[PDB]
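Engineer: I'm passing along upload30.tsv; it holds TSV, N, CA and C atoms.
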chain	number	residue	atom	x	y	z
X	2	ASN	N	12.58	7.27	-47.22
X	2	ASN	CA	11.41	6.48	-47.63
X	2	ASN	C	11.40	6.23	-49.15
X	3	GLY	N	10.99	5.03	-49.56
X	3	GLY	CA	10.97	4.64	-50.96
X	3	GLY	C	12.34	4.17	-51.44
X	4	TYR	N	13.37	4.88	-50.98
X	4	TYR	CA	14.76	4.59	-51.33
X	4	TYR	C	15.42	3.83	-50.18
X	5	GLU	N	16.71	4.07	-49.92
X	5	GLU	CA	17.37	3.51	-48.74
X	5	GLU	C	17.64	4.59	-47.70
X	6	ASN	N	17.59	4.23	-46.40
X	6	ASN	CA	17.85	5.24	-45.39
X	6	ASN	C	19.24	5.06	-44.77
X	7	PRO	N	19.96	6.15	-44.52
X	7	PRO	CA	21.32	6.04	-43.98
X	7	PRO	C	21.33	5.54	-42.54
X	8	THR	N	22.53	5.16	-42.10
X	8	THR	CA	22.78	4.61	-40.77
X	8	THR	C	22.01	3.31	-40.56
T	11	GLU	N	30.72	22.88	-64.88
T	11	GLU	CA	29.85	21.71	-64.96
T	11	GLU	C	30.55	20.48	-65.54
T	12	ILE	N	30.36	19.32	-64.89
T	12	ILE	CA	30.94	18.06	-65.35
T	12	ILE	C	29.96	17.36	-66.28
T	13	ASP	N	30.48	16.80	-67.37
T	13	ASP	CA	29.66	16.05	-68.31
T	13	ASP	C	29.70	14.58	-67.92
T	14	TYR	N	28.64	14.11	-67.26
T	14	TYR	CA	28.64	12.74	-66.78
T	14	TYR	C	28.38	11.70	-67.87
T	15	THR	N	28.01	12.12	-69.09
T	15	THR	CA	27.87	11.15	-70.19
T	15	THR	C	29.15	10.35	-70.40
T	16	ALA	N	30.30	10.87	-69.95
T	16	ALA	CA	31.58	10.19	-70.12
T	16	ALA	C	31.64	8.84	-69.39
T	17	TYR	N	31.02	8.74	-68.23
T	17	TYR	CA	31.46	7.66	-67.35
T	17	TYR	C	30.65	6.38	-67.58
T	18	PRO	N	31.29	5.22	-67.55
T	18	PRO	CA	30.57	3.97	-67.86
T	18	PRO	C	29.55	3.56	-66.80
T	19	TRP	N	29.40	4.35	-65.73
T	19	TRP	CA	28.39	4.14	-64.70
T	19	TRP	C	27.21	5.11	-64.77
T	20	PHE	N	27.18	6.04	-65.74
T	20	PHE	CA	26.08	7.00	-65.84
T	20	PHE	C	25.03	6.48	-66.81
T	21	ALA	N	23.82	6.26	-66.31
T	21	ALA	CA	22.73	5.76	-67.15
T	21	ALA	C	21.75	6.85	-67.58
T	22	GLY	N	22.03	8.11	-67.32
T	22	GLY	CA	21.07	9.13	-67.70
T	22	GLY	C	19.73	8.98	-66.96
T	23	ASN	N	18.70	9.57	-67.57
T	23	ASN	CA	17.34	9.54	-67.03
T	23	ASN	C	16.73	8.18	-67.31
T	24	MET	N	16.51	7.39	-66.25
T	24	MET	CA	16.00	6.03	-66.40
T	24	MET	C	15.14	5.67	-65.20
T	25	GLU	N	14.05	4.94	-65.46
T	25	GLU	CA	13.06	4.61	-64.44
T	25	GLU	C	13.55	3.51	-63.50
T	26	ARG	N	12.90	3.41	-62.34
T	26	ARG	CA	13.30	2.43	-61.34
T	26	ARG	C	13.13	1.01	-61.86
T	27	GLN	N	12.00	0.71	-62.51
T	27	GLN	CA	11.76	-0.66	-62.96
T	27	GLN	C	12.78	-1.08	-64.02
T	28	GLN	N	13.06	-0.20	-64.98
T	28	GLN	CA	14.05	-0.48	-66.02
T	28	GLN	C	15.42	-0.79	-65.41
T	29	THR	N	15.73	-0.14	-64.28
T	29	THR	CA	17.03	-0.34	-63.62
T	29	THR	C	17.12	-1.71	-62.98
T	30	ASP	N	16.03	-2.19	-62.38
T	30	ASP	CA	16.03	-3.53	-61.79
T	30	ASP	C	15.99	-4.61	-62.86
T	31	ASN	N	15.40	-4.32	-64.02
T	31	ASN	CA	15.50	-5.25	-65.14
T	31	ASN	C	16.91	-5.29	-65.70
T	32	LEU	N	17.62	-4.16	-65.67
T	32	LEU	CA	18.95	-4.10	-66.26
T	32	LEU	C	20.03	-4.66	-65.33
T	33	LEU	N	19.91	-4.44	-64.03
T	33	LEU	CA	20.95	-4.82	-63.08
T	33	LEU	C	20.78	-6.22	-62.50
T	34	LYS	N	19.60	-6.85	-62.65
T	34	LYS	CA	19.35	-8.10	-61.94
T	34	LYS	C	20.28	-9.23	-62.38
T	35	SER	N	20.78	-9.17	-63.61
T	35	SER	CA	21.58	-10.24	-64.20
T	35	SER	C	23.08	-10.12	-63.91
T	36	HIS	N	23.50	-9.19	-63.05
T	36	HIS	CA	24.90	-8.88	-62.80
T	36	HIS	C	25.30	-9.20	-61.36
T	37	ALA	N	26.61	-9.24	-61.12
T	37	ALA	CA	27.17	-9.56	-59.82
T	37	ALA	C	26.99	-8.41	-58.83
T	38	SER	N	27.02	-8.76	-57.54
T	38	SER	CA	26.84	-7.77	-56.49
T	38	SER	C	27.99	-6.78	-56.50
T	39	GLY	N	27.66	-5.50	-56.39
T	39	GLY	CA	28.61	-4.43	-56.55
T	39	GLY	C	28.51	-3.73	-57.89
T	40	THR	N	27.72	-4.27	-58.81
T	40	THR	CA	27.42	-3.56	-60.05
T	40	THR	C	26.46	-2.42	-59.74
T	41	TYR	N	26.77	-1.23	-60.25
T	41	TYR	CA	26.02	-0.03	-59.93
T	41	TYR	C	25.89	0.85	-61.17
T	42	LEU	N	25.01	1.84	-61.04
T	42	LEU	CA	24.79	2.89	-62.02
T	42	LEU	C	24.23	4.11	-61.29
T	43	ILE	N	24.59	5.30	-61.77
T	43	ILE	CA	23.97	6.55	-61.34
T	43	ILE	C	22.96	6.92	-62.41
T	44	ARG	N	21.70	7.13	-62.02
T	44	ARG	CA	20.67	7.50	-62.98
T	44	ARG	C	19.98	8.77	-62.52
T	45	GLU	N	19.29	9.43	-63.44
T	45	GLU	CA	18.50	10.59	-63.05
T	45	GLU	C	17.08	10.12	-62.80
T	46	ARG	N	16.45	10.67	-61.77
T	46	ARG	CA	15.15	10.20	-61.35
T	46	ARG	C	14.08	10.81	-62.25
T	47	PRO	N	13.32	10.01	-62.99
T	47	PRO	CA	12.34	10.61	-63.92
T	47	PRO	C	11.29	11.44	-63.22
T	48	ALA	N	11.08	11.27	-61.92
T	48	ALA	CA	10.07	12.08	-61.24
T	48	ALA	C	10.64	13.36	-60.62
T	49	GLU	N	11.96	13.46	-60.45
T	49	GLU	CA	12.59	14.67	-59.92
T	49	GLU	C	13.68	15.11	-60.89
T	50	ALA	N	13.37	16.12	-61.71
T	50	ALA	CA	14.34	16.58	-62.70
T	50	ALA	C	15.60	17.11	-62.01
T	51	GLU	N	16.75	16.67	-62.53
T	51	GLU	CA	18.05	17.08	-62.02
T	51	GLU	C	18.30	16.56	-60.60
T	52	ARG	N	17.64	15.46	-60.21
T	52	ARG	CA	18.01	14.72	-59.00
T	52	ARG	C	18.34	13.28	-59.37
T	53	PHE	N	19.39	12.75	-58.74
T	53	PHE	CA	20.02	11.50	-59.13
T	53	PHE	C	19.90	10.44	-58.05
T	54	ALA	N	20.18	9.20	-58.46
T	54	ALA	CA	20.09	8.04	-57.60
T	54	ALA	C	21.22	7.08	-57.95
T	55	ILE	N	21.80	6.47	-56.92
T	55	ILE	CA	22.71	5.35	-57.08
T	55	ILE	C	21.88	4.08	-56.99
T	56	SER	N	21.91	3.28	-58.04
T	56	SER	CA	21.27	1.98	-58.05
T	56	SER	C	22.38	0.95	-58.04
T	57	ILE	N	22.29	-0.04	-57.15
T	57	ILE	CA	23.36	-1.02	-56.99
T	57	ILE	C	22.75	-2.38	-56.67
T	58	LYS	N	23.18	-3.41	-57.40
T	58	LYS	CA	22.76	-4.78	-57.13
T	58	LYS	C	23.48	-5.30	-55.89
T	59	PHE	N	22.72	-5.97	-55.03
T	59	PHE	CA	23.26	-6.57	-53.82
T	59	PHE	C	22.23	-7.57	-53.31
T	60	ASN	N	22.70	-8.76	-52.93
T	60	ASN	CA	21.83	-9.80	-52.38
T	60	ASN	C	20.65	-10.07	-53.31
T	61	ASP	N	20.93	-10.14	-54.61
T	61	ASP	CA	19.94	-10.46	-55.64
T	61	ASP	C	18.79	-9.46	-55.68
T	62	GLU	N	18.97	-8.28	-55.08
T	62	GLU	CA	17.98	-7.22	-55.18
T	62	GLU	C	18.68	-5.92	-55.49
T	63	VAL	N	18.02	-5.09	-56.29
T	63	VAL	CA	18.56	-3.80	-56.70
T	63	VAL	C	18.14	-2.77	-55.66
T	64	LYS	N	19.11	-2.26	-54.90
T	64	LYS	CA	18.88	-1.20	-53.93
T	64	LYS	C	19.05	0.16	-54.59
T	65	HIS	N	18.30	1.15	-54.08
T	65	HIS	CA	18.31	2.50	-54.62
T	65	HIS	C	18.52	3.52	-53.52
T	66	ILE	N	19.44	4.46	-53.77
T	66	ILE	CA	19.86	5.48	-52.81
T	66	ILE	C	19.72	6.86	-53.46
T	67	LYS	N	18.91	7.74	-52.86
T	67	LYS	CA	18.84	9.15	-53.25
T	67	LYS	C	20.19	9.86	-53.12
T	68	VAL	N	20.57	10.62	-54.14
T	68	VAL	CA	21.63	11.62	-54.03
T	68	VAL	C	20.98	12.95	-53.67
T	69	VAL	N	21.17	13.39	-52.44
T	69	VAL	CA	20.67	14.66	-51.95
T	69	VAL	C	21.62	15.77	-52.37
T	70	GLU	N	21.05	16.92	-52.76
T	70	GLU	CA	21.80	18.16	-52.98
T	70	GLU	C	21.23	19.22	-52.05
T	71	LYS	N	22.07	19.76	-51.16
T	71	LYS	CA	21.57	20.72	-50.19
T	71	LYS	C	22.70	21.67	-49.81
T	72	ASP	N	22.41	22.96	-49.78
T	72	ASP	CA	23.40	23.96	-49.41
T	72	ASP	C	24.72	23.73	-50.13
T	73	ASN	N	24.62	23.36	-51.40
T	73	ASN	CA	25.74	23.20	-52.33
T	73	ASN	C	26.62	22.00	-52.01
T	74	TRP	N	26.14	21.07	-51.18
T	74	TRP	CA	26.79	19.78	-50.99
T	74	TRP	C	26.01	18.70	-51.73
T	75	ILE	N	26.76	17.70	-52.20
T	75	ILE	CA	26.22	16.48	-52.80
T	75	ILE	C	26.48	15.34	-51.82
T	76	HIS	N	25.43	14.63	-51.41
T	76	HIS	CA	25.64	13.58	-50.41
T	76	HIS	C	24.52	12.56	-50.47
T	77	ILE	N	24.82	11.33	-50.04
T	77	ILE	CA	23.80	10.30	-49.83
T	77	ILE	C	23.54	10.02	-48.35
T	78	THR	N	24.41	10.47	-47.46
T	78	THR	CA	24.15	10.58	-46.04
T	78	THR	C	24.60	11.97	-45.60
T	79	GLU	N	23.90	12.53	-44.60
T	79	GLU	CA	24.28	13.85	-44.10
T	79	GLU	C	25.67	13.84	-43.47
T	80	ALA	N	26.20	12.66	-43.12
T	80	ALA	CA	27.44	12.53	-42.36
T	80	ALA	C	28.70	12.47	-43.23
T	81	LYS	N	28.57	12.62	-44.55
T	81	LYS	CA	29.72	12.63	-45.47
T	81	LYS	C	29.29	13.38	-46.73
T	82	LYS	N	29.93	14.51	-47.02
T	82	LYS	CA	29.49	15.40	-48.08
T	82	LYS	C	30.59	15.68	-49.09
T	83	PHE	N	30.17	16.01	-50.31
T	83	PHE	CA	31.08	16.18	-51.44
T	83	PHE	C	30.70	17.43	-52.22
T	84	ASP	N	31.68	17.97	-52.98
T	84	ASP	CA	31.43	19.12	-53.85
T	84	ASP	C	30.70	18.74	-55.13
T	85	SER	N	30.76	17.48	-55.53
T	85	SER	CA	30.26	17.09	-56.84
T	85	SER	C	29.80	15.65	-56.78
T	86	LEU	N	28.97	15.28	-57.74
T	86	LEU	CA	28.56	13.88	-57.86
T	86	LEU	C	29.74	12.99	-58.22
T	87	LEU	N	30.61	13.46	-59.11
T	87	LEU	CA	31.78	12.65	-59.45
T	87	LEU	C	32.62	12.36	-58.22
T	88	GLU	N	32.84	13.35	-57.36
T	88	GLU	CA	33.64	13.06	-56.17
T	88	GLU	C	32.91	12.12	-55.24
T	89	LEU	N	31.57	12.22	-55.18
T	89	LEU	CA	30.82	11.27	-54.36
T	89	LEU	C	31.08	9.85	-54.83
T	90	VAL	N	30.73	9.57	-56.09
T	90	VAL	CA	30.98	8.27	-56.70
T	90	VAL	C	32.43	7.83	-56.50
T	91	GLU	N	33.40	8.73	-56.72
T	91	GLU	CA	34.81	8.37	-56.62
T	91	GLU	C	35.17	7.98	-55.19
T	92	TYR	N	34.51	8.60	-54.20
T	92	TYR	CA	34.81	8.16	-52.84
T	92	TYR	C	34.22	6.78	-52.60
T	93	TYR	N	32.99	6.56	-53.04
T	93	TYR	CA	32.37	5.28	-52.71
T	93	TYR	C	32.81	4.14	-53.63
T	94	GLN	N	33.60	4.41	-54.67
T	94	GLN	CA	34.27	3.34	-55.42
T	94	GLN	C	35.34	2.66	-54.60
T	95	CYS	N	35.85	3.32	-53.56
T	95	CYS	CA	36.95	2.78	-52.79
T	95	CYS	C	36.58	2.47	-51.35
T	96	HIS	N	35.55	3.13	-50.81
T	96	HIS	CA	35.14	2.95	-49.42
T	96	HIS	C	33.72	2.41	-49.39
T	97	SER	N	33.52	1.29	-48.69
T	97	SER	CA	32.22	0.64	-48.67
T	97	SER	C	31.15	1.56	-48.10
T	98	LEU	N	29.93	1.37	-48.62
T	98	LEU	CA	28.73	2.03	-48.12
T	98	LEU	C	28.38	1.61	-46.70
T	99	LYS	N	29.10	0.63	-46.12
T	99	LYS	CA	28.83	0.18	-44.75
T	99	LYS	C	28.80	1.34	-43.76
T	100	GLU	N	29.71	2.30	-43.91
T	100	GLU	CA	29.90	3.35	-42.92
T	100	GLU	C	28.66	4.22	-42.76
T	101	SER	N	27.67	4.08	-43.64
T	101	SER	CA	26.40	4.77	-43.46
T	101	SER	C	25.21	3.98	-43.97
T	102	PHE	N	25.40	2.76	-44.48
T	102	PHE	CA	24.32	1.85	-44.87
T	102	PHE	C	24.75	0.43	-44.45
T	103	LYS	N	24.62	0.14	-43.15
T	103	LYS	CA	24.95	-1.20	-42.64
T	103	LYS	C	24.15	-2.30	-43.33
T	104	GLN	N	23.05	-1.94	-43.99
T	104	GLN	CA	22.23	-2.83	-44.81
T	104	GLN	C	22.94	-3.29	-46.09
T	105	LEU	N	24.15	-2.77	-46.37
T	105	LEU	CA	24.68	-2.70	-47.73
T	105	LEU	C	26.20	-2.60	-47.78
T	106	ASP	N	26.90	-3.67	-47.38
T	106	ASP	CA	28.36	-3.64	-47.25
T	106	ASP	C	28.98	-3.99	-48.60
T	107	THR	N	29.27	-2.97	-49.40
T	107	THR	CA	29.93	-3.12	-50.69
T	107	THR	C	30.32	-1.74	-51.18
T	108	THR	N	31.41	-1.68	-51.93
T	108	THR	CA	31.78	-0.46	-52.63
T	108	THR	C	31.08	-0.44	-53.98
T	109	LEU	N	31.21	0.68	-54.68
T	109	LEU	CA	30.72	0.78	-56.05
T	109	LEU	C	31.78	0.17	-56.96
T	110	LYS	N	31.67	-1.15	-57.13
T	110	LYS	CA	32.77	-1.95	-57.69
T	110	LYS	C	32.78	-1.94	-59.21
T	111	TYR	N	31.62	-2.12	-59.83
T	111	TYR	CA	31.57	-2.41	-61.27
T	111	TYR	C	30.51	-1.54	-61.89
T	112	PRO	N	30.87	-0.58	-62.74
T	112	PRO	CA	29.86	0.18	-63.48
T	112	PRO	C	29.17	-0.73	-64.47
T	113	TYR	N	27.87	-0.49	-64.69
T	113	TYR	CA	27.03	-1.48	-65.38
T	113	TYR	C	27.37	-1.64	-66.85
T	114	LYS	N	28.09	-0.69	-67.46
T	114	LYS	CA	28.50	-0.82	-68.87
T	114	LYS	C	29.81	-1.58	-69.03
T	115	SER	N	29.99	-2.66	-68.26
T	115	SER	CA	31.21	-3.46	-68.30
T	115	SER	C	30.99	-4.71	-69.14
Translate this file's structure into structure tokens.
Structural biologist:
Amino acid sequence: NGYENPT
Amino acid sequence: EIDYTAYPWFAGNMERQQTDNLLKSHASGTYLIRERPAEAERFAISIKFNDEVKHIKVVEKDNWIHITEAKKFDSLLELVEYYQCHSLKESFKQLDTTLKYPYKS
């Protein structure tokens, strides 16, 4: 959250 | 301990907004590793792509450095060095690019 999430 | 001040991709402690002001004028694949002003000694990969600056947490857990749980490194330098050659696609399908160009180019 806020950033980027993997996959 | 590695001294990251050496590398032309290390921006030190820098805020999110300043990073999008700095990277917006560059080609896709331009990146920087910065320290997060709200989490001391935690880092982020900021990379321009599709005219927007994406931001990825560098997690440190159980002595691994990683941005996805599915690929881990001993150090931040080794993390960056792996993703300079292998696209982030393998764990960020939103983001098919390697860490091509450090921002101090």
Engineer: With 5 Å as the cut-off and all atoms listed in the file counted, what is the closest atom pair between each nearby residue of chain X and chain T? Distances in Å to one decimal, ordered by chain and number, as JSON lines.
Structural biologist:
{"residue": "X:4", "atom": "CA", "partner": "T:65", "partner_atom": "C", "distance": 4.5}
{"residue": "X:5", "atom": "N", "partner": "T:65", "partner_atom": "C", "distance": 4.1}
{"residue": "X:7", "atom": "CA", "partner": "T:101", "partner_atom": "C", "distance": 4.4}
{"residue": "X:8", "atom": "N", "partner": "T:101", "partner_atom": "C", "distance": 3.5}
Engineer: Apply DSSP to the backbone of this structure and, from segment 28-100 of chain T, keep only the residues in strand (DSSP E); write these as a PyMOL selection string.
Structural biologist: chain T and resi 40-45+53-59+62-71+74-78+81-83
Engineer: In Å to one decimal, how far is atom CA of residue 22 of chain T from atom C of residue 41 of chain T?
Structural biologist: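 These two atoms are separated by 11.6 Å.
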Engineer: Could you check the closest approach to residue 26 of chain T for each of T:72, T:11, T:45, T:91 and tell me which residue wins, using only C-alpha atoms?
Structural biologist: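 Residue with the minimum atom-to-atom distance to residue 26 of chain T: T:45.
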Engineer: Identify, with DSSP run on backbone atoms, the residues in segment 46-107 of chain T assigned to alpha helix (DSSP H), and express the list as a PyMOL selection string.
Structural biologist: chain T and resi 86-93
Engineer: Return the single residue from T:85, T:29, T:106, T:17 that is closest to residue 63 of chain T, with distances computed using all atoms listed in the file.
Structural biologist: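 Among the listed residues, T:29 lies closest to residue 63 of chain T.
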Engineer: Work out how far atom C of residue 38 of chain T is from atom C of residue 2 of chain X, in Å to one decimal.
Structural biologist: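 About the pair atom C of residue 2 of chain X and atom C of residue 38 of chain T: they are 22.3 Å apart.
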Engineer: One number please: atom CA of residue 109 of chain T to atom CA of residue 51 of chain T, in Å, one decimal.
Structural biologist: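 Between atom CA of residue 109 of chain T and atom CA of residue 51 of chain T the gap works out to 21.5 Å.
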Engineer: Near residue 70 of chain T, within 8 Å and counting all atoms listed in the file, which residues show up once chain neighbours fewer than 5 positions away are dropped, as a list in words?
Structural biologist: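 Residues meeting the cut-off are residues 52, 53, 75, 76 and 77 of chain T.
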Engineer: Grab the residues selected above and save them as a JSON list (two decimals), in the coordinates of the input with N, CA and C atoms.
Structural biologist:
[["chain", "number", "residue", "atom", "x", "y", "z"],
["T", 52, "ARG", "N", 17.64, 15.46, -60.21],
["T", 52, "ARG", "CA", 18.01, 14.72, -59.00],
["T", 52, "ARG", "C", 18.34, 13.28, -59.37],
["T", 53, "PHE", "N", 19.39, 12.75, -58.74],
["T", 53, "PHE", "CA", 20.02, 11.50, -59.13],
["T", 53, "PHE", "C", 19.90, 10.44, -58.05],
["T", 75, "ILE", "N", 26.76, 17.70, -52.20],
["T", 75, "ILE", "CA", 26.22, 16.48, -52.80],
["T", 75, "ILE", "C", 26.48, 15.34, -51.82],
["T", 76, "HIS", "N", 25.43, 14.63, -51.41],
["T", 76, "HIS", "CA", 25.64, 13.58, -50.41],
["T", 76, "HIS", "C", 24.52, 12.56, -50.47],
["T", 77, "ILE", "N", 24.82, 11.33, -50.04],
["T", 77, "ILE", "CA", 23.80, 10.30, -49.83],
["T", 77, "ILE", "C", 23.54, 10.02, -48.35]]
